[PDB]
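2 protein chains.
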Amino acid sequence: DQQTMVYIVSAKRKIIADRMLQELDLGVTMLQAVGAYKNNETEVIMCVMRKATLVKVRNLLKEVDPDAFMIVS
Amino acid sequence: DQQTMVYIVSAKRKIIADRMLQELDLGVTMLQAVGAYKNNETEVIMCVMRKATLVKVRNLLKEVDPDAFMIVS
Numbered sequence: 003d004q005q006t007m008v009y010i011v012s013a014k015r016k017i018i019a020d021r022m023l024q025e026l027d028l029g030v031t032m033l034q035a036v037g038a039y040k041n042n043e044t045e046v047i048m049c050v051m052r053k054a055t056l057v058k059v060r061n062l063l064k065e066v067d068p069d070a071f072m073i074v075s
Numbered sequence: 003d004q005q006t007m008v009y010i011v012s013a014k015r016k017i018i019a020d021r022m023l024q025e026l027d028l029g030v031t032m033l034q035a036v037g038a039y040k041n042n043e044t045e046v047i048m049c050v051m052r053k054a055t056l057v058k059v060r061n062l063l064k065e066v067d068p069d070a071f072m073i074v075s
């Protein structure tokens, strides 16, 4: 429906980020998250997308990281 | 110090959420993430706050869960 901003957390984010671009034509930006410490980098995938692209992405997650999850802003 | 929305990812989130309320009087919502599967729940702390507060919270993270991190919308 209306476009929502999504953060995806995952150990396998580089791989899910590539497949999102390859197979879904999605433009994502790799955000750097504020850890408890500045040394402790953890990056999050950010992607703005229609409420219906989300399902396609969810199913992509199932295939790559069952432990990944998304924050829907 | 513009009020900004924050997500805190941590395994020890219940402890973090309580100390945020007790010692910083911060009001937080325990948001639920969209995982790859829905049986696989993961909870996120949501909190709107000024940047000064973010520094106090960050220091609280160090104190509880070093692996925790924050997404600043």
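Going down the list, the sequences are from chains B and A.
Count along the first sequence starting at 1, add 2, and that's the number in the authors' numbering.
Count along the second sequence starting at 1, add 2, and that's the number in the authors' numbering.
All C-beta atoms, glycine included, are put in the ideal place defined by N, C-alpha and C.
Drop a sphere of 10 angstroms on the beta-carbon of residue i, count the other beta-carbons inside from all chains shown, and report buried for 16 or more, exposed for fewer.
i, result
"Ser12/A", "buried"
"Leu28/A", "buried"
"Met7/A", "exposed"
"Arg52/A", "exposed"
"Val57/A", "exposed"
"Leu23/A", "exposed"
Does any residue of chain A bring its CB to less than 8 angstroms from the CB of residue i?
i, result
"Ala35/B", "yes"
"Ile73/B", "yes"
"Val50/B", "no"
"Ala19/B", "no"
Quick check: is the beta carbon of residue i nearer than 8 angstroms to any beta carbon in chain B?
i, result
"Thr44/A", "yes"
"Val30/A", "no"
"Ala38/A", "yes"
Please report the Cβ distance between residue i and residue j, rounded to the nearest whole angstrom; I am assuming they are in contact, meaning their Cβ atoms lie under 8 angstroms.
i, j, result
"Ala35/B", "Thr44/B", "5 angstroms"
"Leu62/B", "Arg15/B", "At roughly 12 angstroms, the Cβ-Cβ gap does not stay under 8 angstroms, so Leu62/B and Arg15/B are not in contact."
Rounded to the nearest angstrom, what separates residue i and residue j at their Cα positions?
i, j, result
"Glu25/A", "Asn41/A", "33 angstroms"
"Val66/B", "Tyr9/A", "24 angstroms"
"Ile18/B", "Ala70/B", "10 angstroms"
"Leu33/B", "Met72/A", "11 angstroms"
"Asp3/A", "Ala54/A", "7 angstroms"
"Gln5/B", "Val46/B", "19 angstroms"
"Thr31/B", "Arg60/B", "18 angstroms"
"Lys64/A", "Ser75/B", "26 angstroms"
Determine, for residue i, whether the minimum Cβ-Cβ distance to residues of chain E falls below 8 angstroms.
i, result
"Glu45/A", "The displayed structure is made up of protein chains B and A, and chain E is not among them."
Check each residue of the stretch 52–70 of chain B: if its Cβ is closer than 8 angstroms to any Cβ of chain A, include it; give the result in chain order. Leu56, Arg60, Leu63, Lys64, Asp67, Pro68, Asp69, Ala70
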